[PDB]
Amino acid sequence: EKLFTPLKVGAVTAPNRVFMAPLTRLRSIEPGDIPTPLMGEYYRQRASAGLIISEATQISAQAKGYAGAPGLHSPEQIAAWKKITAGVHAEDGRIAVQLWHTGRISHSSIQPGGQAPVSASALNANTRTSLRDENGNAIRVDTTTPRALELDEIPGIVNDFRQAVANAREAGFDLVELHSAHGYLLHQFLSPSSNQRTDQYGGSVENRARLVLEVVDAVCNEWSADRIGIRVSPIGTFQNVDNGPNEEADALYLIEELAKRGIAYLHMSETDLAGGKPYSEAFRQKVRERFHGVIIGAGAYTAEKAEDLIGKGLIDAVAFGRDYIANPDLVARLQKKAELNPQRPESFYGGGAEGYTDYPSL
């Protein structure tokens, strides 16, 4: 077993390879989309993780797509996150903030001015997002048809990612993870199914990957390459957004480009929660030879699958999502081969302490 051995991830060193995947829990304070003391406790309980990747966090108010999701834009949010990272560090843990712009996966009622959300093209995601009712309870709602950005708006998007990263550094995060997966803004440009642009940000894969690569360069220039991670879901269909008829080739192109920046890590979300086709060991090898940094695998990993792939040298770490939701001390449990607490899906989104901080440790 090598799942419990140290691993250098960019500027930091994780004592084990059991990572906590980014998990949207929608328990932030509104107004302000502010992280809470309860959230700090939740993250503190899970500090033994090799690395904690936070719930998706807004790089701007416009980036908001879910009620209850935190932001990292505004004095109050920065101050709130500072206490959370301090708590994790007090337990000697490491935490990375996942930054996103939901793009078309949003609703007008939570956008600035109540206006239509933005995207690569004006195509409704044909899905739903999570809002809050009159009592603050989480509820589902169809996504609002988006507005195609506009050429001169792109620089502003890259700037928002850069500023959020600057705030992240100030906030005490050890690393940042760009969310270019699961059909959110960056993925919306990457995919031809959601990108019908005729300017230089649409068409060829090079054009579709232009925005994400501009963000990587910008955040890398703002902080440091060894502080930047990125999550992608380039194979399969995620939240109604597929990856095109040449997804494999297009994925390898993107990874070679990311590699040139020498960033901290490549986080691959291998399948949608609804399932998907498995990654062949051949493809994993092709990814392996193209990226020279840490590679994190995620999906429906069992400790056994992780040990097998890490042992084949195809990946370096594994991010567990749901098991981490139900087991703050997942590291200890997996190492001791103990039983895990059962999961309570009903309380994954919204609410309070129940189903959040009440999962006991051994």
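The term rigid core refers to the most C-alpha atoms you can superpose between the two forms while keeping them within 1.5 Å. Residue positions are given as counts along the sequence shown, with the first one as 1.
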Stretch farther from the shown model on average in 6 other deposited structures of this protein, with CA RMS computed after core superposition (165-173, 271-279): 271-279
Mean C-alpha temperature factor, higher of 222-230 and 196-204: 196-204
Of 73-81 and 235-243, the stretch whose C-alpha atoms average the higher B-factor in the entry: 235-243
Most elevated Cα B-factor in the entry, residues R210, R162, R284, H187: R284
Which of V9, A353, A21, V18 ranks first by CA B-factor in the deposited coordinates: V9
Third assignment of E55 from its chain's C-alpha B-factors: lowest
Chain third (lowest, middle, highest) by recorded CA B-factor, residue given as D329: lowest
For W100, the third of its chain into which the C-alpha B factor falls: lowest
Chain third (lowest, middle, highest) by recorded CA B-factor, residue given as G276: highest
Within-chain third of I296 by Cα B-factor, per the entry: middle
